[PDB]
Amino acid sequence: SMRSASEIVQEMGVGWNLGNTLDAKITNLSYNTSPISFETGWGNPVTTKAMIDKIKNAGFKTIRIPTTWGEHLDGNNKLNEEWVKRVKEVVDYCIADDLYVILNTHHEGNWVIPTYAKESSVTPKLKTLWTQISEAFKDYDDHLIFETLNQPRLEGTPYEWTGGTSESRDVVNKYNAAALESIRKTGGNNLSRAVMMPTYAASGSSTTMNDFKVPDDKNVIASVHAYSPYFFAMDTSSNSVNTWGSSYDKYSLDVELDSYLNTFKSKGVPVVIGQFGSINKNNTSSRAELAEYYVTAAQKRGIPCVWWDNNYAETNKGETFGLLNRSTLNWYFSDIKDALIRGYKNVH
């Protein structure tokens, strides 16, 4: 039997993303090229079970395996079988370690274009893709969760990072519903498996949350990404902030997390924060304070939160979210890892 999505979310704890790995979008290869050429294409080493063991033994309860699939489809939209086999092996590392696993589609935005004009070309391909993923993983138990899309948005337009348009938010809902229908149609455990699906751009803004539509299905989870507060966590412009921990900082995060809990509850679904984190601004004390407070506040509300770990930790560079050094199996920032787990244990 499969637990309800609401039951599963209660147990997912704090999580970790295998970032810049099976999601690395490598467009100069071919659909028949070895999986390892993609997995290592953004500079990360080939994933081993020992890396997964380190994450499990630190106290994370969920791993998200972001996976980019489009480059692995042939001209008939059939997935390369060696690719599927490699994704399955990495999923198996995690499932064997008693983790919840979120398996998504990831950097598909060159072809998953949310406009009415592109709907007829996207939808059949997205449905065949999800049919094949679902079939490959049909017999997995309820620790495996599917996530339809990552940050679907109008890439390359002025609306990419501003919450979209009525049209594109509608089409994102339609793509999510089409992917879900394909998952459910494969039957077996996939009739009831929990399925995460995002708002436009996975944004937690009021506009994108409010337009989120839940299909007629009993086991849906909303997905948002919340690198919050943005100017501290992610921004490298002149607006960049490098300290965190005031009463105002805490209040602001509490109100934001309340909006996620309460908006999605009012729509009848749980919510998972599938990506969060902060970049390395030589500010570990503040990053650790934020990490602990964020996890505690989210877990008090029943919201799992999954750190984005791309194994990139270079000081004063953008997107430096790395925590586990995958080559040494030591932590780049043990204090931040410790704060994440402490925030989970504050509640559980």
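In this text, residue numbers run from 1 along the sequence as written.
The question of which stretch, 248-256 or 152-160, has the higher mean Cα B factor is settled in favour of 248-256.
When 200-208 is weighed against 230-238, 230-238 comes out higher, by mean CA B-factor as recorded in the entry.
Looking at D170, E181, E119, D92, the one whose CA carries the top B-factor in the deposited record is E119. Per the deposited record, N189 carries the highest C-alpha B-factor of all listed residues (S278, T105, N189, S134). Per the PDB record, residue ranking by Cα B-factor puts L261 in the middle third of the chain. For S334, the recorded CA temperature factor ranks within the highest third of the chain's modelled residues. When all modelled residues of the chain are sorted by CA temperature factor, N325 is found within the middle third. When all modelled residues of the chain are sorted by CA temperature factor, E82 is found within the middle third. Per the deposited record, the Cα B-factor of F38 falls in the middle third when ranked against the other modelled residues of its chain.
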